[PDB]
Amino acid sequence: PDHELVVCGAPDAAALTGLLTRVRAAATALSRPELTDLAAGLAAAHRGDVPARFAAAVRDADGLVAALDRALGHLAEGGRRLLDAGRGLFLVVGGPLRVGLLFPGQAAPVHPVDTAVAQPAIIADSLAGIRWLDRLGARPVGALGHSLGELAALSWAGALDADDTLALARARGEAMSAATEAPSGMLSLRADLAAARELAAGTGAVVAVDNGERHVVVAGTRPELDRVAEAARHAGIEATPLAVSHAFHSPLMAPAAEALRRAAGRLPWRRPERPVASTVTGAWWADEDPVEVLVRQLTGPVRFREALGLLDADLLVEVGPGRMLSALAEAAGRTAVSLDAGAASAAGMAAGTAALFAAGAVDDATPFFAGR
């Protein structure tokens, strides 16, 4: 892997200080294979009930020394909690913390693209992510899925098996690409929901995605989006056209409901057994009919702002390809990191697994070192 995961722990903060000091000494000027040994040994020896925890995703020994120095300096001034998702560095004394999951939708990297291809590809990566959390015994407090991601969240929560979920994603991708006729698309506004509704009022365009206080996407035909783009310029609101050929999350997707209602209606749906904050309802999932919810998801808005606000969590882990949702979460002042499931680069796997270990949501990092 291009990044190594280095974890360790101790019974308390004083003991962790002593260990990190020894590890720092042992790490200086190690070659890459030597660092791998040091890391693999630490993961084997520091797993189970590990009261005070450190985890970092590092490119080399000098990155490891830099991480240890930050953690040591933090401990030295009496700090008990350092969570730097953008540097893959996590220190927690006296956790566990509450961790929530984020499942991305399209517009996510596909391991513009045809939505019939992208949807099952993305869901296949998210389902691989779920197999990783399962291999780790991860205990998050709940999940949300943005758009297409609601399907992966529901599969994580036990509402639908992996094979039926992937089959649904294929059928949904096919239905959605079958729906539009007249040129249409999406326009992202750097503005809140009320400002977007003011710009869209009377234009024909509607709110498609409510991401946050500074990010709301509207959808409509091309003449409708041009009216909003004109209004946004006059109001001094920044409007960015999206590279998509369909309105999504608007009434122009209604013709897909027949095909999707059929596909979804044959499946063995179960009640979710874990909490899911829905971006269709903006509420906790509480015994909804999943078919009716998936059908109105075609035409209604993505309620990501509302769903993220429900998910009470100190740290969020994105389980899917790319890092779109972690970027949205950080825009809301939340702490988030992505596993970047399916990527060529191990960067996200290392950083995401480090976050899950330091937060106490997984007890054993050894699966990172298996089958190299």
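For every residue, the number given is its place in the sequence shown, counted from 1.
Coordinates are lacking for 10 or more deposited residues between residue 111 and residue 112. With 22-30 and 309-317 compared on mean CA B-factor from the PDB entry, the stretch scoring higher is 22-30. The deposited model assigns a higher average Cα B-factor to 344-352 than to the other stretch when 344-352 and 360-368 are compared. Considering 162, 138, 231, 208 together, the PDB entry gives 162 the largest C-alpha B factor. Within the group 183, 268, 301, 104, the record's highest C-alpha temperature factor is found at 268.
Among the modelled residues of the chain, residue 44 sits in the lowest third by CA temperature factor in this PDB entry. Split the chain's modelled residues into thirds by C-alpha temperature factor. Residue 124 is in the middle one. Annotation for residue 53: CA B-factor lies in the lowest third of the chain's modelled residues. Compared with the other modelled residues of the chain, the Cα B-factor recorded for residue 329 ranks in the lowest third. When the modelled residues of the chain are ordered by C-alpha B-factor, residue 145 sits in the lowest third.
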